[PDB]
Each structure stands twice: as C-alpha cells, then as structure tokens.
>>> print(open('work.pdb').read())   # PDB, C-alpha atoms
ATOM      1  CA  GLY A 119       9.020 -10.865  12.687
ATOM      2  CA  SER A 120       6.780 -11.074   9.602
ATOM      3  CA  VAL A 121       3.828  -8.785   9.010
ATOM      4  CA  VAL A 122       1.945 -11.585   7.148
ATOM      5  CA  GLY A 123       4.547 -13.425   4.981
ATOM      6  CA  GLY A 124       6.871 -11.256   2.871
ATOM      7  CA  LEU A 125       5.156  -7.919   2.231
ATOM      8  CA  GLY A 126       8.036  -5.938   0.617
ATOM      9  CA  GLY A 127       8.622  -3.180   3.247
ATOM     10  CA  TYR A 128       4.920  -2.500   3.750
ATOM     11  CA  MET A 129       3.469  -2.004   7.204
ATOM     12  CA  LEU A 130       0.160  -2.189   9.087
ATOM     13  CA  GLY A 131      -2.063   0.864   9.706
ATOM     14  CA  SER A 132      -3.969   1.740  12.859
ATOM     15  CA  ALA A 133      -7.236  -0.041  13.709
ATOM     16  CA  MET A 134      -9.857   2.302  12.292
ATOM     17  CA  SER A 135     -13.637   2.219  12.099
ATOM     18  CA  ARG A 136     -14.734   0.504   8.874
ATOM     19  CA  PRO A 137     -16.617   3.127   6.726
ATOM     20  CA  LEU A 138     -19.971   2.305   5.052
ATOM     21  CA  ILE A 139     -19.720   2.365   1.248
ATOM     22  CA  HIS A 140     -22.687   2.471  -1.163
ATOM     23  CA  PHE A 141     -22.560  -0.037  -4.049
ATOM     24  CA  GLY A 142     -25.767   0.802  -5.983
ATOM     25  CA  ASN A 143     -27.113  -2.516  -4.573
ATOM     26  CA  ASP A 144     -29.725  -3.224  -1.916
ATOM     27  CA  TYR A 145     -28.045  -6.598  -1.216
ATOM     28  CA  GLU A 146     -24.303  -5.791  -1.205
ATOM     29  CA  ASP A 147     -24.756  -2.700   1.050
ATOM     30  CA  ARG A 148     -26.602  -4.796   3.622
ATOM     31  CA  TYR A 149     -24.341  -7.871   3.269
ATOM     32  CA  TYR A 150     -21.410  -5.537   3.881
ATOM     33  CA  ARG A 151     -22.660  -3.467   6.845
ATOM     34  CA  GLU A 152     -24.343  -6.475   8.525
ATOM     35  CA  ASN A 153     -21.239  -8.784   8.052
ATOM     36  CA  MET A 154     -18.746  -5.912   8.514
ATOM     37  CA  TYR A 155     -17.078  -7.632  11.529
ATOM     38  CA  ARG A 156     -15.637 -10.230   9.045
ATOM     39  CA  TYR A 157     -13.815  -7.607   6.962
ATOM     40  CA  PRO A 158     -10.421  -6.035   7.888
ATOM     41  CA  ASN A 159     -10.190  -2.886  10.090
ATOM     42  CA  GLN A 160      -6.528  -2.034   9.340
ATOM     43  CA  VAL A 161      -4.790  -1.648   5.940
ATOM     44  CA  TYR A 162      -1.291  -2.670   4.721
ATOM     45  CA  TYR A 163       0.664   0.055   2.812
ATOM     46  CA  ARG A 164       4.272   1.138   1.931
ATOM     47  CA  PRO A 165       6.044   4.437   2.979
ATOM     48  CA  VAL A 166       4.103   7.331   1.380
ATOM     49  CA  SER A 167       7.144   9.589   2.052
ATOM     50  CA  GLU A 168       8.540   7.859  -1.104
ATOM     51  CA  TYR A 169       5.276   8.078  -3.119
ATOM     52  CA  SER A 170       4.940  11.200  -5.292
ATOM     53  CA  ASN A 171       1.091  10.879  -5.391
ATOM     54  CA  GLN A 172      -1.723   9.664  -3.105
ATOM     55  CA  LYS A 173      -3.394   7.905  -6.092
ATOM     56  CA  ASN A 174      -0.535   5.416  -6.497
ATOM     57  CA  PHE A 175      -0.499   4.835  -2.736
ATOM     58  CA  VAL A 176      -4.289   4.167  -2.842
ATOM     59  CA  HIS A 177      -3.907   1.508  -5.599
ATOM     60  CA  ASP A 178      -1.083  -0.369  -3.837
ATOM     61  CA  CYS A 179      -2.786   0.169  -0.385
ATOM     62  CA  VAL A 180      -6.078  -1.333  -1.688
ATOM     63  CA  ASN A 181      -4.451  -4.109  -3.709
ATOM     64  CA  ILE A 182      -1.894  -5.149  -1.102
ATOM     65  CA  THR A 183      -4.268  -4.912   1.905
ATOM     66  CA  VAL A 184      -6.768  -7.263   0.323
ATOM     67  CA  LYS A 185      -3.938  -9.486  -1.018
ATOM     68  CA  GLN A 186      -2.679 -10.056   2.550
ATOM     69  CA  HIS A 187      -6.126 -10.812   3.985
ATOM     70  CA  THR A 188      -7.313 -12.571   0.820
ATOM     71  CA  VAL A 189      -4.251 -14.832   0.388
ATOM     72  CA  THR A 190      -4.071 -15.505   4.097
ATOM     73  CA  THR A 191      -7.656 -16.890   4.106
ATOM     74  CA  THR A 192      -8.672 -17.573   0.465
ATOM     75  CA  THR A 193      -5.875 -20.144   0.017
ATOM     76  CA  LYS A 194      -4.898 -20.463   3.755
ATOM     77  CA  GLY A 195      -8.315 -20.695   5.525
ATOM     78  CA  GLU A 196     -11.680 -20.032   3.695
ATOM     79  CA  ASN A 197     -12.197 -19.115   0.034
ATOM     80  CA  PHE A 198     -13.786 -15.638   0.183
ATOM     81  CA  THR A 199     -16.462 -14.924  -2.413
ATOM     82  CA  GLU A 200     -15.647 -12.436  -5.168
ATOM     83  CA  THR A 201     -18.283 -10.116  -3.648
ATOM     84  CA  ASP A 202     -16.377 -10.329  -0.298
ATOM     85  CA  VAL A 203     -13.206  -9.427  -2.197
ATOM     86  CA  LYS A 204     -14.979  -6.569  -4.076
ATOM     87  CA  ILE A 205     -16.659  -5.029  -1.005
ATOM     88  CA  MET A 206     -13.382  -5.424   0.931
ATOM     89  CA  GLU A 207     -11.427  -3.549  -1.794
ATOM     90  CA  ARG A 208     -13.939  -0.663  -1.307
ATOM     91  CA  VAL A 209     -13.834  -0.642   2.512
ATOM     92  CA  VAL A 210     -10.062  -0.694   2.323
ATOM     93  CA  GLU A 211     -10.214   2.163  -0.282
ATOM     94  CA  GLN A 212     -12.139   4.555   2.037
ATOM     95  CA  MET A 213      -9.891   3.426   4.952
ATOM     96  CA  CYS A 214      -6.708   3.984   2.784
ATOM     97  CA  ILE A 215      -7.645   7.614   1.932
ATOM     98  CA  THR A 216      -7.713   8.487   5.663
ATOM     99  CA  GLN A 217      -4.691   6.254   6.553
ATOM    100  CA  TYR A 218      -2.737   8.295   3.928
ATOM    101  CA  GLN A 219      -3.875  11.676   5.320
ATOM    102  CA  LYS A 220      -2.408  10.554   8.668
ATOM    103  CA  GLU A 221       0.570   8.458   7.410
ATOM    104  CA  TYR A 222       1.735  11.139   4.976
ATOM    105  CA  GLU A 223       2.118  13.922   7.473
ATOM    106  CA  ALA A 224       3.064  11.308  10.145
ATOM    107  CA  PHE A 225       6.030   9.776   8.330
ATOM    108  CA  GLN A 226       7.520  13.203   7.547
ATOM    109  CA  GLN A 227       8.355  13.251  11.286
ATOM    110  CA  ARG A 228       8.096   9.582  12.399
ATOM    111  CA  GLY A 229      10.474   8.362   9.679
ATOM    112  CA  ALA A 230      12.646  11.544   9.655
ATOM    113  CA  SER A 231      13.671  11.543  13.320
TER     114      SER A 231
END
>>> encode(input="work.pdb", output="structure tokens")
Amino acid sequence: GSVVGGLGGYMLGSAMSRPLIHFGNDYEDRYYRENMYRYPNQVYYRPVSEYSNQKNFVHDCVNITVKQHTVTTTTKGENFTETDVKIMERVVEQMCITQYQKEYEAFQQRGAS
C-alpha cells in the first residue's frame, strides 16, 4: 500500500545498525547513543540508478528519511526536539552512505531484471 503517506517513488532500506556519530558535544553524543533505540534504523530513498551522483542521493536520502519519521511523529504523535531532528539527520547520513553502496550496485541488477 503506502510506504508512509505519499513518498514520490521512494522506498525503504534494510534494517541496519545505527552508527555512532561524534557531534563535538559531550551531551549530544551521549543523548544519541543512550537514546539510540528511539531513532530510525532504516532510511527512505529514491532509485539511485537514476541519480548521477551519490551526493544528491545523500541529501534527498537524509532529508526524506527524517521527513517521513519527523512528520509521522512531530505532527502525528510527539513533537521531536530540534536536537532529535539534528542527531537523526546525522545517523541517517552515515546510514545513507552505506545504503547507497549497496542500493547502487543492487539496483543495477534488482531493477534491471
């Protein structure tokens, strides 16, 4: 049916292990890795087979992934803090770079058969 609402052709990645980021902060690092269960463990992205560059994928991947999760709690459940949003963008970023390096070489077969 729907992925989340009306993505635009975007999909859902595999359920990965959430990478630790460093934020230059004693607090935010801890708040992240201690609360990390709260944050997403998959990312929402569009077909990289189209995309001419990983960078553009990473922006939309980050932006979109949070936008699903964020909209579908922030105005549909609980208003996430802007620090939650910011940390989440970063987790998603380091997830996205690995999702790409699978997706990219994946789709070239999975979407070509």
>>> residues_around(input="work.pdb", residues="residue A:150", least_positions_apart="5", cutoff="10 Å", atoms="only C-alpha atoms", output="number ranges by chain")
A: 138-141, 145, 155-157, 201-202, 205-206, 209
>>> resolve_selection(input="work.pdb", expression="the PyMOL selection byres ((chain A and resi 137) around 9)", output="VMD selection string")
chain A and resid 134 to 136 138 to 139 151 209 to 210 212 to 213
>>> write_last_selection(input="work.pdb", atoms="C-alpha atoms", output="JSON list (two decimals), keeping the file's coordinate frame")
[["chain", "number", "residue", "atom", "x", "y", "z"],
["A", 134, "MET", "CA", -9.86, 2.30, 12.29],
["A", 135, "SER", "CA", -13.64, 2.22, 12.10],
["A", 136, "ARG", "CA", -14.73, 0.50, 8.87],
["A", 138, "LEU", "CA", -19.97, 2.31, 5.05],
["A", 139, "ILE", "CA", -19.72, 2.37, 1.25],
["A", 151, "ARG", "CA", -22.66, -3.47, 6.84],
["A", 209, "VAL", "CA", -13.83, -0.64, 2.51],
["A", 210, "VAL", "CA", -10.06, -0.69, 2.32],
["A", 212, "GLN", "CA", -12.14, 4.56, 2.04],
["A", 213, "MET", "CA", -9.89, 3.43, 4.95]]
>>> resolve_selection(input="work.pdb", expression="the PyMOL selection byres ((chain A and resi 214-218) around 7)", output="MDAnalysis selection string")
chainID A and resid 131 161 176 179:180 210:213 219:222
>>> resolve_selection(input="work.pdb", expression="the PyMOL selection byres ((chain A and resi 165-174) around 7)", output="PDB file with C-alpha atoms, keeping the file's coordinate frame")
ATOM      1  CA  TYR A 163       0.664   0.055   2.812  1.00  0.00           C
ATOM      2  CA  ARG A 164       4.272   1.138   1.931  1.00  0.00           C
ATOM      3  CA  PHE A 175      -0.499   4.835  -2.736  1.00  0.00           C
ATOM      4  CA  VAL A 176      -4.289   4.167  -2.842  1.00  0.00           C
ATOM      5  CA  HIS A 177      -3.907   1.508  -5.599  1.00  0.00           C
ATOM      6  CA  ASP A 178      -1.083  -0.369  -3.837  1.00  0.00           C
ATOM      7  CA  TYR A 222       1.735  11.139   4.976  1.00  0.00           C
ATOM      8  CA  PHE A 225       6.030   9.776   8.330  1.00  0.00           C
ATOM      9  CA  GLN A 226       7.520  13.203   7.547  1.00  0.00           C
TER      10      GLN A 226
END
>>> closest_residue(input="work.pdb", among="A:159, A:191, A:231, A:186", to="residue A:126", atoms="all atoms listed in the file")
A:186
>>> atom_distance(input="work.pdb", atom1="atom CA of residue A:203", atom2="atom CA of residue A:123")
19.6 Å
>>> closest_residue(input="work.pdb", among="A:160, A:148, A:223, A:121", to="residue A:190", atoms="all atoms listed in the file")
A:121
>>> closest_residue(input="work.pdb", among="A:181, A:188, A:227, A:193", to="residue A:208", atoms="only C-alpha atoms")
A:181
>>> axis_aligned_box(input="work.pdb", around="stretch 131-140 of chain A", padding_each_side="6 Å", output="JSON")
{"center_x": -12.4, "center_y": 1.5, "center_z": 6.3, "size_x": 32.6, "size_y": 15.2, "size_z": 26.9}
>>> atom_distance(input="work.pdb", atom1="atom CA of residue A:224", atom2="atom CA of residue A:207")
23.9 Å
>>> atom_distance(input="work.pdb", atom1="atom CA of residue A:122", atom2="atom CA of residue A:153")
23.4 Å
>>> closest_residue(input="work.pdb", among="A:184, A:125, A:130, A:229", to="residue A:198", atoms="all atoms listed in the file")
A:184
>>> closest_residue(input="work.pdb", among="A:142, A:195, A:129, A:120", to="residue A:183", atoms="all atoms listed in the file")
A:129
>>> closest_residue(input="work.pdb", among="A:182, A:230, A:158, A:152", to="residue A:133", atoms="all atoms listed in the file")
A:158
>>> build_atoms(input="work.pdb", residues="stretch 168-179 of chain A", atoms="N, CA and C atoms", output="PDB file, keeping the file's coordinate frame")
ATOM      1  N   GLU A 168       7.994   8.200   0.206  1.00  0.00           N
ATOM      2  CA  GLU A 168       8.540   7.859  -1.104  1.00  0.00           C
ATOM      3  C   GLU A 168       7.582   8.292  -2.224  1.00  0.00           C
ATOM      4  N   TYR A 169       6.300   7.925  -2.092  1.00  0.00           N
ATOM      5  CA  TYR A 169       5.276   8.078  -3.119  1.00  0.00           C
ATOM      6  C   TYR A 169       5.129   9.557  -3.468  1.00  0.00           C
ATOM      7  N   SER A 170       5.151   9.862  -4.761  1.00  0.00           N
ATOM      8  CA  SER A 170       4.940  11.200  -5.292  1.00  0.00           C
ATOM      9  C   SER A 170       3.455  11.547  -5.465  1.00  0.00           C
ATOM     10  N   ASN A 171       2.517  10.633  -5.193  1.00  0.00           N
ATOM     11  CA  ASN A 171       1.091  10.879  -5.391  1.00  0.00           C
ATOM     12  C   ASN A 171       0.233   9.886  -4.617  1.00  0.00           C
ATOM     13  N   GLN A 172      -0.755  10.419  -3.891  1.00  0.00           N
ATOM     14  CA  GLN A 172      -1.723   9.664  -3.105  1.00  0.00           C
ATOM     15  C   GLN A 172      -2.408   8.592  -3.948  1.00  0.00           C
ATOM     16  N   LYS A 173      -2.742   8.872  -5.211  1.00  0.00           N
ATOM     17  CA  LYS A 173      -3.394   7.905  -6.092  1.00  0.00           C
ATOM     18  C   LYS A 173      -2.633   6.588  -6.168  1.00  0.00           C
ATOM     19  N   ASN A 174      -1.314   6.647  -6.370  1.00  0.00           N
ATOM     20  CA  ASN A 174      -0.535   5.416  -6.497  1.00  0.00           C
ATOM     21  C   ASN A 174      -0.539   4.677  -5.172  1.00  0.00           C
ATOM     22  N   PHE A 175      -0.362   5.409  -4.063  1.00  0.00           N
ATOM     23  CA  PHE A 175      -0.499   4.835  -2.736  1.00  0.00           C
ATOM     24  C   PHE A 175      -1.841   4.113  -2.623  1.00  0.00           C
ATOM     25  N   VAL A 176      -2.959   4.740  -3.011  1.00  0.00           N
ATOM     26  CA  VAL A 176      -4.289   4.167  -2.842  1.00  0.00           C
ATOM     27  C   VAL A 176      -4.367   2.848  -3.611  1.00  0.00           C
ATOM     28  N   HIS A 177      -3.883   2.769  -4.862  1.00  0.00           N
ATOM     29  CA  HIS A 177      -3.907   1.508  -5.599  1.00  0.00           C
ATOM     30  C   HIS A 177      -3.145   0.461  -4.793  1.00  0.00           C
ATOM     31  N   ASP A 178      -1.852   0.670  -4.516  1.00  0.00           N
ATOM     32  CA  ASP A 178      -1.083  -0.369  -3.837  1.00  0.00           C
ATOM     33  C   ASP A 178      -1.715  -0.674  -2.481  1.00  0.00           C
ATOM     34  N   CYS A 179      -2.114   0.323  -1.678  1.00  0.00           N
ATOM     35  CA  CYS A 179      -2.786   0.169  -0.385  1.00  0.00           C
ATOM     36  C   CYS A 179      -3.974  -0.773  -0.530  1.00  0.00           C
TER      37      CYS A 179
END
